[PDB]
Protein chains: 2
Amino acid sequence: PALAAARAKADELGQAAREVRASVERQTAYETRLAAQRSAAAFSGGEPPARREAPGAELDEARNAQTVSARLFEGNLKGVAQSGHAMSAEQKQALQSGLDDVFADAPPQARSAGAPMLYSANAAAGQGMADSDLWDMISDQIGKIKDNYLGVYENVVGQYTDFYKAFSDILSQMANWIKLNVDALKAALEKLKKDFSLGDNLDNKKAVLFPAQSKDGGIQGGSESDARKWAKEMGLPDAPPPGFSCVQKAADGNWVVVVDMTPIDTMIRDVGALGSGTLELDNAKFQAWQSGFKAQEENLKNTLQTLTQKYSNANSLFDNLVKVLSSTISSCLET
Amino acid sequence: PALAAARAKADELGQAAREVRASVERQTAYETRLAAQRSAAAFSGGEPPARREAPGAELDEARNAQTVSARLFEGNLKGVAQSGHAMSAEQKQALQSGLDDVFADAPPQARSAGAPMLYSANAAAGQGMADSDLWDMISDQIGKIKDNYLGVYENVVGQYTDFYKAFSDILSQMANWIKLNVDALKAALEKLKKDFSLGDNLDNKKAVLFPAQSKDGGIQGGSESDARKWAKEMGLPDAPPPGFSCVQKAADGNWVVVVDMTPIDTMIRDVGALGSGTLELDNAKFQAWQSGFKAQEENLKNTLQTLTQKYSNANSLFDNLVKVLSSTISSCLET
């Protein structure tokens, strides 16, 4: 019946997601190169340093078709539940086969997101669970999987890209600071540090990688446990005081995953012990630092791509998932 | 009956709003002075330029009690409708008296927000409108008034304060640029311009004063008419091409009210014709510009306070409104 209404949106979601993905995959790529051609320009006197975005603008017309097609689809699945369709036992085995491939060799924080759905699969597939109950638990998890797992990464990358975008903005201005304006350079890095780190009030949301943050609302962290789980999966340092850890407490009392500042923290210091003053550099210490600075640009660049790669994979999983739920739906409808 | 549940939240809203208000009224005040003590410090060699916020942080624990107490209250009013209370005709006259004082001598974009409610007032007050119908239209408008009118200003100021916050961040770095680093100074102003102006894609939301913008969603403007209506009320220039206007079209096709850039646009030029180069200034042109620059800081400062004052007033109106709806509710409950 309304299987068609579900199968239609299924594809719509599939597209919207893939576009968003490609949108983030494109912005990241552009930024990465822009940064490069801004640093080189800064040191190498040479060409000048600036940014123009193409339809590789993640948020825009992209992230929206994904949210609306996801909502509808989740609802439509609540409809497929209401009908009295009785999936041949040979189909449930397919939905169950499809769910496996989807969450088979995938990391830990992913299996946790695909556990409940995978439980329902084996449930009605060979133990005995009413279809209606199956479809619901499904319309339920697609949303939770999109919100908790896929939404996490999308926010993580978005939040991280704003930080990386602000960093590249400093390289552009660095051009006019270089023999050395160790002050303005060290002053900027300090600004990036402050702007993307919980403040003395632990209320700055711009520094939150997890969980997704409101726009005008207060900070909002989750249980200490949940913060660590994620910090780990996306490769961020958890190291206990006085060392550095991306897992920090907010004015919530709860926990958040913060932007890794060590790279900028290293730069904030290396640029320092070249100490101070607005400073004629030895052309041999200059290149002992320039390279000590570029070694950081590398790190930052690697985190952005890494987190970006973590995302696309997470996105490709959601896609394959919808695929399966679409193959099954189509199968049933074909009767 | 559930009049008590409505009267309780009524006060809760009253508080939450007043706190948010005082929160915005405090941040604005702090920033304004911080800016001052950052500019002076920049030119006058003197003291050094930086920011630490107190519970005058608008968004935080503030803007949240207001959203939740507003929701509940709006719902509770939907409850008062369901009961069979029959407001003496002497009360409706009071609710009607209270609504007048609230929207009496208040500006235009305000009467428009208090029109429907004021229509219901005269309606059941002396013409004949079923109470149930009255309470609903009321539970309806409190939300629309909070969203369309009060929410508009809260967003406007929030959006404007981020711009003004970024400007003051430039004054701090300007300190290390001053004889003159006309490049880094002119480079920053250019960055503030770009960061708070629709780009070549007309997709930058950080430059939107109206309407409220999503966080990760696409731009979203309203009808051309609606954009002008607001631009006017909050004192922003509407001037048609090639002049400058805060009313601009987005990648929506629709209309948005943008941050007034003229002040920074003037600075972007004055700092220029002191033209170029990273530049020994005559100590007499220096102070012919310093003062030409401070004359702008003034403007910016005046807009922030103005928009901030426009807000508090708008906030004080919402408050008085809730007051009235609370006086009436209490009156009925007292029977």
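Read the figures in this text as sums done on the coordinates, not as results from a lab. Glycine gets a Cβ as well: all are built from the backbone with ideal geometry, and neighbour counts include every protein chain shown.
Just a few scattered comments:
- Near pairs, Cβ below 7 angstrom, 6+ apart or cross-chain, from segment A:117-131 (charged (D, E, K, R)) to any residue that is surrounded by 14 or more Cβ atoms within 10 Å (Cβ to Cβ) and part of a helix (DSSP H, G or I): A:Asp131/A:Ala124
For (1) acidic (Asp, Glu); (2) buried (at least 20 other Cβ atoms within 10 Å of the Cβ); (3) closer than 19 Å to B:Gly217 by Cα; (4) within 20 Å of the chain's Cα centre (by Cα), each residue gets a yes or a no:
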site: A:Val156; (1), (2), (3), (4): no, yes, yes, yes
site: A:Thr161; (1), (2), (3), (4): no, no, yes, yes
site: A:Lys165; (1), (2), (3), (4): no, no, yes, yes
site: A:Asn176; (1), (2), (3), (4): no, yes, no, no
site: A:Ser197; (1), (2), (3), (4): no, no, no, yes
site: A:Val208; (1), (2), (3), (4): no, yes, yes, yes
site: A:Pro211; (1), (2), (3), (4): no, yes, yes, yes
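- Selected residue (criterion: farthest from B:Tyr164 (Cα to Cα)) from residues of segment B:213-232 that are away from chain A (no Cβ under 14 Å) and crowded, with 20+ Cβ neighbours inside 10 Å: B:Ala227
- Applying the criterion of being of a type outside the set (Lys, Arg) and more than 10 Å from chain B (Cβ to nearest Cβ) to the residues of segment A:179-195, the residue that is farthest from the chain's Cα centre (by Cα) is A:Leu180.
- Test: residue in segment A:126-137 that is farther than 30 Å from A:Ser83 by Cβ, among the aliphatic types (A, V, I, L, M) and touching a helix residue (DSSP H, G or I) at 6+ places or on another chain (Cβ under 6 Å): no
- Single match in B:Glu31, B:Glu25, B:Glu58, B:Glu47 (criterion: assigned to a loop (DSSP other than H, G, I, E, B), touching a helix residue (DSSP H, G or I) at 6+ places or on another chain (Cβ under 7 Å), within 19 Å of B:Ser168 (Cα to Cα) and more than 14 Å from chain A (Cβ to nearest Cβ)): B:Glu47
- Filter result (among the aromatic types (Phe, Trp, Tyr) and at the interface with chain B (Cβ under 9 Å from one of its Cβ atoms)) within segment A:165-178: A:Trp177
- Checklist (1) touching an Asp or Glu at 6+ places or on another chain (Cβ under 7 Å); (2) assigned to a loop (DSSP other than H, G, I, E, B); (3) within 9 Å of another protein chain (Cβ to nearest Cβ) applied to A:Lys206, failing item: (3)
- For segment B:209-240, filtered to residues that are of a type in the set (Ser, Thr, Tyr) and part of a loop (DSSP other than H, G, I, E, B), the residue that is nearest to B:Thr308 (Cα to Cα) is B:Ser214.
Per-residue answers, yes or no, for (1) away from chain A (no Cβ under 14 Å); (2) of a type outside the set (D, E, K, R); (3) surrounded by fewer than 20 Cβ atoms within 10 Å (Cβ to Cβ):
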position	(1), (2), (3)
B:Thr67	no, yes, yes
B:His85	yes, yes, yes
B:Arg111	yes, no, yes
B:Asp131	yes, no, yes
B:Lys144	yes, no, yes
B:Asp147	no, no, yes
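- The lone exception for B:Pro116 - which of (1) within 14 Å of chain A (Cβ to nearest Cβ); (2) in a helix (DSSP H, G or I) it fails: (1)
- Being crowded, with 17+ Cβ neighbours inside 10 Å and within 30 Å of B:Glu74 (Cβ to Cβ) is a condition met by no residue of segment B:38-48.
- The residues of segment B:241-286 that are within 22 Å of B:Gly199 (Cα to Cα), within 14 Å of another protein chain (Cβ to nearest Cβ) and surrounded by fewer than 15 Cβ atoms within 10 Å (Cβ to Cβ) amount to a single one, B:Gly253.
- Odd one out for B:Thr328, checked against (1) within 23 Å of B:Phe103 (Cα to Cα); (2) touching a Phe, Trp or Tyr at 6+ places or on another chain (Cβ under 9 Å): (2)
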